[PDB]
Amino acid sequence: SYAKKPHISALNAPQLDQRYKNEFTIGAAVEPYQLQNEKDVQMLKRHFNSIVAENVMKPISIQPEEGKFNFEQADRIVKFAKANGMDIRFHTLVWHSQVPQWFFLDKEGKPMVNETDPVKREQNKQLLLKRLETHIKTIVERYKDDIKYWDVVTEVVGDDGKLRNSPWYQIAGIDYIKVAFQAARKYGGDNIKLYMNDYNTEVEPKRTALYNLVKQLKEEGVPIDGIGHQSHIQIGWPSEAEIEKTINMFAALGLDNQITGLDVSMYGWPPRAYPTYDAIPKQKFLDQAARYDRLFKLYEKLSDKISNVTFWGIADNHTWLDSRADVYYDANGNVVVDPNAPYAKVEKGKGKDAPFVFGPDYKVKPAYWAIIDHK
């Protein structure tokens, strides 16, 4: 939506959070070093009223060894948020990735998943659940008065619609999920909001499996306040109709919905990326802008069911999507972006994606104009 609107500096542009302030908060995911960078600091102060840690609040960053709690990096994000009146989301108490291996070792240092004895497997379950509770307890006791929104568990449903068979599930079964939420509520109180977080929440069979899991846990009294939709999406997929169906489905259970990791990739899956930002054709940005136009119009339509929309980054110069931006080369060394075309080699994670409404020079993209307006 609109290429005649100028590529002005985002520090001079109408504030994104103020545009949406009655509909939902607008958040950004950050690393502590960005709080020491003038442009990123000015971007966060100008456009965002919610914040989340890209990495420093994941389990391995918080307790990389048992009894070793590293809160300094997370503290810096909390301090910045409080000084600027930003909501805080905690990502994340429990996850099968970026999680320290000491959790899943038995008393003799051996992997719990390998235990054959049912008596010892039960002891390992209780040990893991005790470690889980202490991890959550320590974190929540420190941050309960500062952080309102919590991703308690992340990605616990597999893309096959079964519970993800992580070491958490192998060792302790479904109880690790129940214990995670119960501990967060116990040590954090009734005012913090507890979320189950996942990607491809729009996609069956994961969507209905997520729905059934949360419905069952809540019937058993497990405290779950909402769903965190990572929303790592493409220009085409998933459709707005299916996003709407998903939000409505979980809202019918009385759940809040938060969009926790929004980025609109320029590519399909697996991605065939351009090697640089400059090589991305202008038309891609127009296609992205129209997708963003439709997307935020739908979020506004559903604003009574969505409390927050967070982008997984600030501006196009820094995005985890670059780690997936594989560049395919044909036999002559020319870049191949057509998903079906011949190619000879791939350079994994070497290309550039462009997923936000702010460009890598901190100037606004056509996607910005598409969501700042009221059309």
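The numbering used is simple: start at 1 and walk along the sequence shown.
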Task: Higher-B stretch (mean Cα B-factor, as the entry records it), 282 to 290 or 83 to 91 - done: 282 to 290
- [ ] Could you check the entry and say whether 119 to 127 or 220 to 228 has the higher mean CA B-factor?
- [x] 119 to 127
Task: Out of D330, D316, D326, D40, highest CA B-factor residue - done: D330
TODO: Name the one of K68, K345, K58, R46 with the greatest CA B-factor according to the PDB entry.
DONE: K345
Open item on the list: Going by the CA temperature factor in the PDB record, which third of the chain does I371 belong to: lowest, middle or highest?
Closed with: lowest
Task: Cα B factor band for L35 (lowest, middle or highest third within the chain) - done: highest
TODO: Name the third of the chain's ranked CA B-factors that contains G161, choosing lowest, middle or highest.
DONE: highest
Open item on the list: Based on the deposited C-alpha B factors for this chain, I'd like to know if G27 is in the lowest, middle or highest third.
Closed with: lowest
Task: Third of the chain's Cα B-factor distribution that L105 belongs to, per the entry - done: highest
